Amino acid sequence: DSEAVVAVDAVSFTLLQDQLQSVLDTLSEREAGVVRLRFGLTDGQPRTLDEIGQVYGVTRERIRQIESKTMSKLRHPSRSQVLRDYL
Amino acid sequence: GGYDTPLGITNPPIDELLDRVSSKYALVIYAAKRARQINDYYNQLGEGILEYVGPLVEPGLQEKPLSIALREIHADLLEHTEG
Amino acid sequence: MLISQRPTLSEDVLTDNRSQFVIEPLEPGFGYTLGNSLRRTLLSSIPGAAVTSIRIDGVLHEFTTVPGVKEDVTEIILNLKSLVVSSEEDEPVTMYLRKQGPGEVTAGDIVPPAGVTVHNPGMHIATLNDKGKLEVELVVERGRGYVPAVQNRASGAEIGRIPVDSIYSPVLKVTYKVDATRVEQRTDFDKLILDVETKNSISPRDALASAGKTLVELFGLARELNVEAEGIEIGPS
Amino acid sequence: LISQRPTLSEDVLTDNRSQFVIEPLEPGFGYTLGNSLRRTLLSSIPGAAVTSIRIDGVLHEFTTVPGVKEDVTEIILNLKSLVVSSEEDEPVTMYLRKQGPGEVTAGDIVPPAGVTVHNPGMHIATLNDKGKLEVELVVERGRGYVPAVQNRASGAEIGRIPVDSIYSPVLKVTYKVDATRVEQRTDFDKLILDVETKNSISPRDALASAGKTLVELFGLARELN
Amino acid sequence: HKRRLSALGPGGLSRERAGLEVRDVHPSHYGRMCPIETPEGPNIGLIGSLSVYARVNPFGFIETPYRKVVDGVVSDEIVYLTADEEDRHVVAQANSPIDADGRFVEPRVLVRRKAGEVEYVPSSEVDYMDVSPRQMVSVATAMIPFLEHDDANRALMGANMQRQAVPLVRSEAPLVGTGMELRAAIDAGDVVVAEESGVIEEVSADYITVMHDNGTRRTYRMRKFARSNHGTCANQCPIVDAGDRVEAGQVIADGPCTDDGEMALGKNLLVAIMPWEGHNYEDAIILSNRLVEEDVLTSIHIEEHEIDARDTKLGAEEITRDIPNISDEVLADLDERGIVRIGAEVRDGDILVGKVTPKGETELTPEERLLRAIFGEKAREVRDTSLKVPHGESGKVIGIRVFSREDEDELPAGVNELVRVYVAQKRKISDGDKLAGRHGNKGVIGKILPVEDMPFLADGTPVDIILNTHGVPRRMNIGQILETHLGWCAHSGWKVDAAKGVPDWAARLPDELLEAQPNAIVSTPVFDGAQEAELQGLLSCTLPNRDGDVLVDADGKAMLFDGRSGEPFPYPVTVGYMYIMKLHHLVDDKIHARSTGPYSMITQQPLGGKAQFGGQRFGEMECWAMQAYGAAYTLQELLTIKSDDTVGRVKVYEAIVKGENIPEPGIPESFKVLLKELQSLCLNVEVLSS
Amino acid sequence: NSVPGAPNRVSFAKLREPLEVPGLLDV
Amino acid sequence: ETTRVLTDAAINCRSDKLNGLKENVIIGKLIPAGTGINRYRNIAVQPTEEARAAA
Amino acid sequence: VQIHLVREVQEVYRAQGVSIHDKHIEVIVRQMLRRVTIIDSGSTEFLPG
Amino acid sequence: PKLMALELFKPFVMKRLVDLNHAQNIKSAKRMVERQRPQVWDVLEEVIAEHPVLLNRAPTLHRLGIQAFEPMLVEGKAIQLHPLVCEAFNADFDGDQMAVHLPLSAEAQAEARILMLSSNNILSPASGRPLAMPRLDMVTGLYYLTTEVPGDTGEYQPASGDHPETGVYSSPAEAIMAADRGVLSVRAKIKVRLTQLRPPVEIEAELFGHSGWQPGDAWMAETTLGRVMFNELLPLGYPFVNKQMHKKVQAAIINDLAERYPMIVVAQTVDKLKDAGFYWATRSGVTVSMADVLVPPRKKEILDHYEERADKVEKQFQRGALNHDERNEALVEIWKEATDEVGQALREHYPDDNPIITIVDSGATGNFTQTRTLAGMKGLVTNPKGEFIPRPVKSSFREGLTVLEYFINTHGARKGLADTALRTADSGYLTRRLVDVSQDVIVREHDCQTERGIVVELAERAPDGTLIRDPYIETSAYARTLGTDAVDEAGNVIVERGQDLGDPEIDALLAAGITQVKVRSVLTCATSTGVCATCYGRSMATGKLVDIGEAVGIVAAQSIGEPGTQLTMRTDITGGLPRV
Ligand SMILES: [Mg+2]
Ligand SMILES: [Zn+2]
């Protein structure tokens with residue numbers, strides 16, 4: 001049954017979620033909120049730049065600046081060695 | 001009682017274990033519920049302290065919790081009520 | 001070459017004199033190479049002294065029982081056979097135990113001459129009854145290993161002298177076994193476990209040291225053919 | 001009490017096999033001393049043997065070479081019978097070229113310094129006019145028996161052909177004792193030991209190294225206090 | 001597998017329809033079908049094999065040769081009779097005293113009547129006599145020396161296990177044999193035979209060119225390293241040299257299990273029959289390490305792996321190196337266009353054929369999406385199903401056979417490119433592997449000891465295997481003991497010193513048996529072989545090895561020394577040369593393990609068999625056993641959260657990894673399948689709370 | 001015998017067979 | 001004889017009570033023998049008060 | 001019939017020389033002799049036979 | 001095998017080498033497992049230690065097919081099984097395979113460790129005889145170790161006048177030294193002076209009367225050295241044995257030592273017997289050579305003397321004095337007489353140290369008929385229908401059979417083998433039916449408290465008048481609990497109500513002189529759903545009273561239909577497994 005639950009990717013995915021929430025908690029709060037809303041990690045609904053700037057009450061260019069700054073922070077390998085093995 | 005000393009899976013001797021409880025089925029469930037208590041102690045140690053306590057005898061270097069449980073049974077450190 | 005792992009030697013002291021040595025680890029299989037050789041060396045290479053023969057008054061051919069005592073002849077003999085005694089004088093020296101009156105003769109009753117000594121004077125040997133006097137002579141020399149009861153090379157040069165066994169060795173019982181420690185990281189090495197039990201003349205540690213000295217001489221005989229031959233060096237300690 | 005320490009004389013029979021005789025010993029000891037030397041000699045004498053080869057025309061072990069009568073695994077089973085004695089401990093290489101018909105003996109092998117081949121008369125392979133065999137051989141010191149080290153575990157290429165090595169200069173060992181054991185209890189054994197080495201090292205040198213290994217392992221139990 | 005009689009098939013009886021009376025041996029089978037050889041499973045008697053001399057009547061009956069005898073004069077007119085004329089007439093024995101003229105000697109002669117009866121007819125009514133002994137027996141069973149001593153059960157086991165040996169890399173001929181090793185090898189087909197006589201021109205490891213006496217030449221190509229149908233090697237090396245003259249019908253090249261023409265199913269090993277240290281306990285066998293070192297028992301196995309690059313609905317597959325997420329470390333063995341390079345050694349789980357399929361568009365999980373957002377690696381819409389070498393296998397790669405649509409090869413519909421990769425390894429003999437002699441005395445390998453802790457002779461020669469004693473007297477197979485003594489006699493070589501006439505045992509021996517060489521091959525035919533007085537006579541004078549040393553005395557025993565302790569054994573022990581085989585029940589084909597693997601489709605149990613992972617069937621009787629212990633929790637475990645509790649299995653695995661407790665088990669899945677089947681059969685089934 | 005390049009394997013057979021073994025794949 | 005047993009059980013409306021021994025094996029719950037019965041399955045295991053105070 | 005069944009099975013197993021204690025056979029025979037038959041319905045619920 | 005344990009314990013070893021910081025996470029740990037980097041073995045030892053596994057062997061005939069062993073790592077790829085569970089597993093080493101399972105939960109590990117462990121299951125479930133008893137090879141070894149050879153090297157002779165007795169030895173240590181020197185044989189009769197072994201009951205009551213405690217006391221005995229080395233295996237409280245270790249003697253010793261001592265003492269004692277048995281089985285020199293298969297010298301005369309009678313029966317049939325069947329019956333009886341006479345002469349011809357008769361008379365394996373068919377006469381061989389062939393086979397397998405005799409033997413061999421296959425199928429099917437019959441007999445209450453119960457025959461009356469013991473008491477009387485009391489000649493009570501009724505109280509009843517006891521049974525347990533405990537009596541596996549959770553119906557069904565298979569038939573009453 002090649003669509004059955006493989007039972008090792010599931011626990012790898014749960015460990016991915018735990019480690020990913022830890023690494024996203026290593027940042028500040030506006031940053032992690034922007035990342036979680038930009039990639040839908042809180043409900044499965046991917047919020048875009050205008051919704052995020054609306055729910056934070058700023059402009060969308062500020063949201064894109066914060067997005068680029070944090071995604072530059074995450075590509076630093078100190079925030080990345082614990083996630084590199086997850087591909 | 002002059003038995004040579006056991007080793008491995010058989011320490012403490014089951015014939016000294018059976019004098020504590022009624023039958024061996026009670027010995028099994030008694031040891032297993034104590035081992036799950038010890039496992040919940042090791043899992044719930046990182047957060048705040050709750051009602052679990054143990055291991056009451058000092059464990060080994062790396063020792064399985066069921067062996068800690070059975071050595072606690074042989075040490076006369078617990079009690080139980082049946083159903 | 002290299003041994004690639006240095007073996008050790010440690011003991012577990014059980015009684016005062018009964019030990020248990022372990023040696024670990026070796027190359028498979030060196031445990032049987034050296035355990036049996038070590039057993040034969042312990043039993044048959046340590047010098048020591050014992051009783052060779054005795055003679056007794058009142059008994060000429062009634063070898064069943066001695067008059068005046070309780071215990072029969074062979075019980076006296078196999079009490080005297082288990083008698084720890086040290087010596088230095090290589091010739092067969094004689095010792096006398098002799099005691100009148102009823103009571104329990106012990107090992108401290110005997111009066112040793114110069115050099116010989118008894119290592120358990122508080123040992124029961126015999127009982128006397130009703131004003132009896134027991135007077136036995138001992139013939140004590142030293143030697144190696146275990147000898148049988150040596151048949152009397154003379155016929156009747158000493159008509160009372162009857163021979164016994166002589167447990168020369170200070171050790172009594174040695175047994176051994178092997179094991180299979182650390183099969184995976186080390187590719188199934190061995191572990192020699194000894195069980196030596198001596199009498200109270202010497203310690204088992206000194207027994208094993210003296211046996212190691214005799215063995216290292218006995219294999220140094222084979223070493224001294226081509227001294228510059230490459231072997232397996234364990235190295236420093 | 002015998003207070004005569006034992007000796008060792010020697011008896012040569014051929015170039016490669018000779019008898020050693022040890023007397024007098026304590027009684028009930030000769031079989032044990034003989035088995036001790038047998039289990040040492042027949043197991044742990046350091047020697048040298050070929051480890052891996054590399055034929056140019058092959059890519060692996062399970063193939064054939066154009067021209068030769070045998071195949072590659074038969075060449076393996078013939079070269080596993082060679083005897084060779086190195087001097088230094090680095091893995092040296094020796095070579096073998098042969099062109100044209102004729103039997104290929106081991107005497108065709110050109111060795112470097114230190115190594116030598118102790119039997120040029122070994123049939124290895126035989127060739128014809130189309131035949132061309134060209135191989136290097138890695139020779140290495142060692143002791144005991146080893147299986148073939150893996151190609152993946154080393155960093156070796158595809159041309160590498162691992163062979164089992166047997167580093168054992170000894171070939172056959174026996175003994176017998178002649179216990180006198182007279183009724184006068186002046187008893188002693190007499191160990192008549194026998195060694196046949198496979199023309200790599202002399203039996204004197206094999207027994208000397210065995211004695212050195214035993215002196216080293218019994219200095220363990222001696223040095224206590 | 002040819003010459004096989006099988007009473008089951010279409011038009012024939014099946015095994016559940018099979019009564020017990022068809023499986024017996026009716027007395028008409030004598031000379032028409034072997035009573036010994038039959039598979040010892042649940043097919044005993046339904047599958048047989050033809051006799052040696054048997055021949056098929058044109059109406060599909062089984063004729064049998066007979067020597068007709070007229071008026072007490074045994075003629076040579078050989079007349080084939082089927083089983084009806086076998087009942088009409090009367091049939092004598094071939095081990096009867098023919099007095100060199102066709103005449104019998106004693107009047108009271110053994111004979112067979114119609115209904116299987118055995119009588120003493122006077123020697124005037126005998127009208128047919130058997131053509132030889134060993135007529136009743138099959139091909140494989142006639143290759144067992146001293147067969148007439150063995151019981152029929154163990155002879156049956158020996159005949160069924162002589163067909164299971166594997167081709168070793170060396171294949172040395174047996175010392176003690178029958179006649180049936182040469183004939184049943186050159187008739188087996190797997191030996192190249194010189195078709196017409198002449199001289200050798202050119203040999204190699206690959207071809208032989210013969211020069212016929214009249215002009216023509218012909219190249220006999222070999223078959224080197226071809227895979228058999230059960231994964232074993234099929235090498236053919238030549239045995240002729242470049243100047244030899246051959247005749248027609250001569251062996252020119254040995255096959256897999258052949259040696260200078262004749263069969264070689266195993267090797268000649270020094271055996272001893274003491275019980276040693278409990279390692280040869282209850283049919284277990286110990287070995288020297290010399291068998292591992294010198295490659296005595298070592299078989300080459302060749303395995304065929306196969307993948308096809310087929311079409312699909314989304315597009316087309318492609319054999320290529322652009323695989324997905326895989327370190328350029330494991331892409332070192334692969335060539336420029338997929339498949340690995342010839343000779344690169346592989347291990348379990350390695351890549352053999354880089355082959356990648358399209359997948360389509362599936363929306364990602366958001367965590368995977370942000371990982372692709374951080375690292376910048378793309379979606380990679382193709383999905384990798386490469387040909388991985390399965391678990392627990394390794395070895396070299398001999399040959400790579402590749403097909404293609406572009407070469408216009410015959411491929412089935414919707415297939416673009418086929419490739420087969422042949423992987424081969426060289427298995428050493430190892431503990432657990434199955435060895436047996438020629439007498440049904442099977443047994444696994446208990447322990448491969450070193451060569452020094454093995455009981456060696458007085459000449460320092462160690463024994464090679466050590467069988468057990470307690471399996472000999474209760475299985476009634478002392479053919480192995482007679483083979484052992486005669487094997488030692490043939491190894492050392494005898495010389496009956498016939499100085500003052502011939503000794504009394506050796507009178508009716510043939511000539512050139514009065515003396516023999518070391519390693520000289522001998523042979524006993526099956527029902528006319530070495531007598532026991534002749535074995536004592538040969539074993540009495542068995543000329544010494546190199547010194548003056550008769551190692552094995554007249555009793556057939558020897559003074560072994562203990563290799564381990566060192567003392568001699570207090571009693572002499574039987575030694576000799578016994579011919580043993582390596583069976584095809586190797587450990588590496590049998591060991592298996594599964595933690596979590598593939599799952600079945602309709603029900604959700606783990607799958608089955610070593611081809612997949614699968615688990616072992618914890619069947620009904622084992623459920624009874626664990627009920628009878630009273631182990632209730634382990635039964636709940638093994639029937640819920642190891643097999644069918646579908647949501648429970650992943651919780652168990654997660655809790656093990658996190659180190660928590662195992663959760664409480666739920667309902668199995670096959671019960672729910674049962675529930676919906678019962679609701680499908682219009683049966684209102686419902687679970688009630690209280 | 002009757003097979004030209006056979007090995008020389010000495011037999012203990014007291015008798016003599018008239019008929020050879022047939023062509024074992026004739027069936 | 002699963003067909004006939006099943007059909008006349010279906011007629012009789014014969015309710016199982018699951019009190020036997022194969023049934024709890026089938027439906028995966030804990031069998032009523034050995035360590036499954038409530039005299040052993042409901043054991044309360046606490047640390048004794050003396051060693052609790054000493055702990 | 002309990003004595004008869006136990007004796008008659010154990011006669012076979014002693015003839016093969018196999019030690020089985022009788023309480024196992026008694027467990028089985030006790031399961032055999034559970035039920036009773038209805039020759040008269042009385043007046044309550046029990047079909048004859 | 002470690003290559004198998006590494007795949008069984010893969011989540012355990014995965015967690016553990018995440019915990020030792022050898023992997024960054026779970027996925028690198030899994031890849032590290034799949035590449036087998038060599039510190040995974042060092043982690044694997046720690047995750048294996050004290051964690052039992054199960055060892056199934058199909059077909060699981062009875063309850064001991066699944067046991068729980070502590071695993072340990074072994075080089076190679078074959079599961080190493082301990083040899084003393086071959087009898088329970090019915091496992092020879094012809095290539096049998098066993099399935100390893102793995103318990104997971106704490107309840108499962110406790111059940112495996114406490115109920116299903118090897119050393120806790122020694123006895124049968126059926127008859128309570130041991131199955132850890134040392135059989136086969138081991139038994140031979142012990143036999144040669146405790147047998148006694150008159151006229152052996154170094155005996156005790158009391159001859160005097162010229163020299164003393166030369167038989168006494170002050171200690172078994174000195175005896176071992178004199179055995180390593182070539183003076184003492186192991187099997188000679190000497191007089192040692194023991195200080196660590198308990199003397200038998202008569203010598204204890206003689207030398208000490210009431211309380212000889214052994215670790216200090218000394219007492220002499222005329223035994224062999226082998227029996228002293230043998231009694232050093234058994235524990236300190238056990239008395240001295242001084243017999244010849246026949247297999248029944250070892251069974252009785254282990255049954256006594258399991259009935260009176262704790263289980264761990266029984267396990268260690270059985271292990272010591274295994275080691276000593278193998279080590280002296282190597283030295284016993286049991287080999288098989290054809291010089292050791294002696295033929296009976298009077299065989300040809302016996303065959304001629306019965307050949308004349310066969311000839312006269314055939315002549316009387318030829319002259320019409322009797323029909324076809326009666327001459328067959330007469331020949332069958334004559335050749336049975338011939339078989340018996342040949343076997344008798346063979347039995348009286350052999351020595352005692354002939355290894356073929358030594359293996360048999362020790363009780364290790366094989367009956368005497370197999371020796372009779374190795375040397376002497378095969379005898380009568382059956383028809384395919386079941387009758388006897390009247391010829392019969394007159395050659396041993398040492399002499400080598402002729403063609404027709406071998407062809408006659410094939411009938412009976414293939415008949416027996418096919419019959420073995422079909423019976424098995426039938427025996428397993430009978431067990432399958434019985435399990436479903438008694439699936440609901442589980443022990444519910446401690447005590448039914450009835451007073452009904454069966455009576456037991458229990459050593460029926462002699463005609464002259466004694467108490468001859470009934471031979472089948474151990475199956476019909478032991479392990480039972482009395483409902484009534486034992487009173488006799490208006491005397492006192494002997495055994496009160498509700499006692500286990502083992503060996504000493506049976507001895508007390510037969511001493512007091514009663515024959516019938518009214519005992520409880522699981523026939524008349526008055527509980528509602530399944531039996532009580534005291535009607536079931538002693539559990540035959542523990543030796544103690546049955547627990548209050550046992551599924552005794554399943555144990556009963558398995559012990560009945562377990563030993564089938566081997567249950568032949570006979571020569572129109574049905575007389576085997578179809579009769580059952
Ligand atoms: Mg089997
Ligand atoms: Zn009751």
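About the cut-offs
- Residues numbered from 1 in each chain as written, not as in the entry; some residues may be left out.
- Chains lettered and ligands numbered in written order.
- Part of a larger assembly, values for the part shown.
- Heavy atoms only, no water.
- Residues with missing side-chain atoms left out of burial classes, pairs and counts.
- UniProt positions renumbered as here; feature names shortened; annotations may be inferred.
- Donors = N, O, S within 2.8 Å, 3.2 Å for Na, K, Ca; no water.
- Helix = DSSP H or I, 4+ residues; strand = E, 2+ residues; numbered from the N terminus.
- Patch = residues over 30% accessible without salt bridge, like charges linked within 9 Å, V, L, I, M, F, W, Y side chains within 5 Å.
- Areas by Shrake-Rupley, 256 points an atom, 1.4 Å probe, with all protein chains shown as cover.
- Salt bridge = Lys/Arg side-chain N within 4 Å of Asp/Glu carboxyl O.
- Buried < 20%, exposed > 50% of the residue type's maximum accessible area, 1.4 Å probe, protein only.
- Axes fitted to C-alpha atoms, helices over the stretch in contact; angles between N-to-C directions.
- Parallel < 35°, antiparallel > 145°, perpendicular 65-115°, else oblique.
- Contact = heavy atoms within 4.5 Å.
- Nonpolar A, V, L, I, M, F, W, Y, C, P; charged D, E, K, R; others polar.
- Domains from an automatic or database assignment.
- Buried area = accessible area lost by both parts, 1.4 Å probe.
- Core = buried A, V, L, I, M, F, W, Y, C linked by side-chain atoms within 4.5 Å.
- Pairing = 2+ DSSP bridges.

In the nomenclature of the PDB entry, chain E is known as DNA-directed RNA polymerase subunit beta of Mycobacterium tuberculosis. What the PDB record gives as the title of this entry is "Mycobacterium tuberculosis RNAP open promoter complex with RbpA/CarD and AP3 promoter". Annotation of chain E in UniProt includes, under Function (unreviewed entry), the sentence "DNA-dependent RNA polymerase catalyzes the transcription of DNA into RNA using the four ribonucleoside triphosphates as substrates." What UniProt records for chain E under Subunit (unreviewed entry) is the sentence "The RNAP catalytic core consists of 2 alpha, 1 beta, 1 beta' and 1 omega subunit. When a sigma factor is associated with the core the holoenzyme is formed, which can initiate transcription."

Per the PDB entry, chain D goes by DNA-directed RNA polymerase subunit alpha and derives from Mycobacterium tuberculosis. According to the UniProt record, the Subunit comment for chain D reads "Homodimer. The RNAP catalytic core consists of 2 alpha, 1 beta, 1 beta' and 1 omega subunit. When a sigma factor is associated with the core the holoenzyme is formed, which can initiate transcription." Under the UniProt heading Sequence similarities, the note attached to chain D is "Belongs to the RNA polymerase alpha chain family."

### Focus: the coordination of the zinc ion (ligand 2)
Residues and elements named next belong to chain I. Surrounding the zinc ion (ligand 2) are the protein donor atoms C448 (SG), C525 (SG) and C535 (SG), which sit 2.4 Å from the metal. In primary-sequence terms, the residues that donate to the zinc ion (ligand 2) follow C-x76-C-x9-C. Pair noted here: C448 is in the loop between α17 (403–437) and β7 (455–456) and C535 is in the loop between β8 (517–518) and α19 (552–560), with a separation of 87 residues, a long-range link.

### A short note on a nonpolar patch on the surface
Residue and element names in this part refer to chain A. Residues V55, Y56 and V58 make up a contiguous nonpolar surface patch of about 250 Å² in total accessible area. Its location among the elements puts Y56 in helix α3 (residues 49–56). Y56 sits in the partly exposed class, given a relative accessible area of 36%.

### Remarks on the packing of helix α13 (residues 299–318) of chain I against helix α14 (residues 324–349) of chain I
Residues and elements named next belong to chain I. Their axes nearest at 10 Å, the elements α13 and α14 cross at an angle of 175°. The pairing of α13 with α14 is recorded here as roughly antiparallel in orientation. Within the contact between the two elements, α13 uses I302, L303, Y306, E307, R309, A310, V313, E314 and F317 and α14 uses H324, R327, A330, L331, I334, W335, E337, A338, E341, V342 and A345. In the contact of α13 with α14, the residues fall into 13 nonpolar, 1 polar and 6 charged.

### Section: the interface of chain I and chain E
Facing the 102 residues of chain I at the interface are 109 residues of chain E. Among the elements that line the side of chain I that touches chain E, the one with the most residues is α17 of chain I, at 15 residues. Tallied by class, residues from the side of chain I that touches chain E come to 51 nonpolar, 28 polar and 23 charged.

### Some thoughts on the domain arrangement of chain D
All names here are of chain D. Domain annotation of chain D identifies domain 1 (1–46 + 168–225) and domain 2 (47–167). For domain 1 and domain 2, the distance between their C-alpha centroids amounts to 35 Å. With 9 residues of domain 1 at the interface, the matching set in domain 2 holds 10 residues. Between domain 1 and domain 2, roughly 720 Å² of surface is buried when both sides are summed, and carbon and sulfur atoms account for 50% of that area. Looking at the side of domain 1 facing domain 2, the largest losses of area belong to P46, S168 and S200, adding up to 55% of the total buried there. Counting every contact that joins domain 1 to domain 2 gives 0 salt bridges. Class assignment of the residues belonging to the side of domain 1 that touches domain 2 gives a composition of 3 nonpolar, 5 polar and 1 charged.

### A short note on the environment of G68 of chain C
Residue and element names in this part refer to chain C. Counting through the fold element by element, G68 comes out in the loop between β3 (47–56) and α2 (73–80). When its relative accessible area of 40% is taken as the criterion, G68 is described as partly exposed. Expressed as a C-alpha distance, the spacing of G68 and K177, which sit 109 residues apart in the sequence, is 50 Å. With near-sequence residues (within four places) excluded, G68 lies in contact with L128, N129 and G132.

### Some thoughts on the pattern of salt bridges
Pairing is possible between side chains that carry opposite charge, provided their charged atoms lie close to one another. Evaluated as defined, the whole model comprises 95 salt bridges over all chains. Two residues, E136 of chain D and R54 of chain D, come together in a salt bridge whose shortest N-O distance is 2.7 Å. Taken together, the residues span a long stretch of sequence, with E136 of chain D in strand β9 (residues 132–142) and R54 of chain D in strand β3 (residues 47–55) at a distance of 82 residues. One salt bridge in this structure joins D256 of chain I and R260 of chain I, with 2.5 Å as the shortest N-O distance. Of the two residues, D256 of chain I and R260 of chain I both sit in helix α11 (residues 247–260), 4 residues apart, roughly one turn of that helix. We classify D256 of chain I as partly exposed; its relative accessible area is 27%. Take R260 of chain I: its relative accessible area is 46%, and that puts it in the partly exposed class. Through salt bridges that share partners, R427, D588 and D589 of chain E together with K77 of chain I make up one connected network.

### With respect to the environment of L678 of chain E
Turning to its location among the elements, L678 of chain E is positioned in helix α11 (residues 669–680). In sequence terms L678 of chain E and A92 of chain E are 586 residues apart; their C-alpha atoms lie 70 Å from each other. Apart from residues lying up to four places away in sequence, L678 of chain E is in contact with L683 and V685 of chain E together with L6 of chain G.

### What to know about the nonpolar core
With 93 residues, the main nonpolar core has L27 and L70 of chain B, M626 of chain E, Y40 of chain G together with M116 and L458 of chain I as its most contacted residues. At 10 residues, the largest contribution of residues to this core is made by helix α2 (residues 24–43) of chain B. Ignoring sequence-local partners within four residues, the contact set of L458 of chain I consists of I473, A477, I506, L510, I514, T515 and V517 of chain I. With 70 residues, the next largest nonpolar core counts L26 and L38 of chain C, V451 of chain E together with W219 of chain I among its residues.

### A look at the sheet that holds strand β22 (residues 298–310) of chain E
Residue and element names in this part refer to chain E. In space, the 3 strands of this open sheet follow the order β22-β29-β28, with antiparallel pairing throughout. A strand with exactly one partner marks an edge of an open sheet, and here the two such strands are β22 and β28 (396–402). On average, each strand axis in the sheet is tilted by 20° relative to the strand beside it, whichever way the strands run. Note that β28 and strand β29 (residues 415–428) share 6 bridges and pair antiparallel. Counted as the bridge partner of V402 is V419 from β29.

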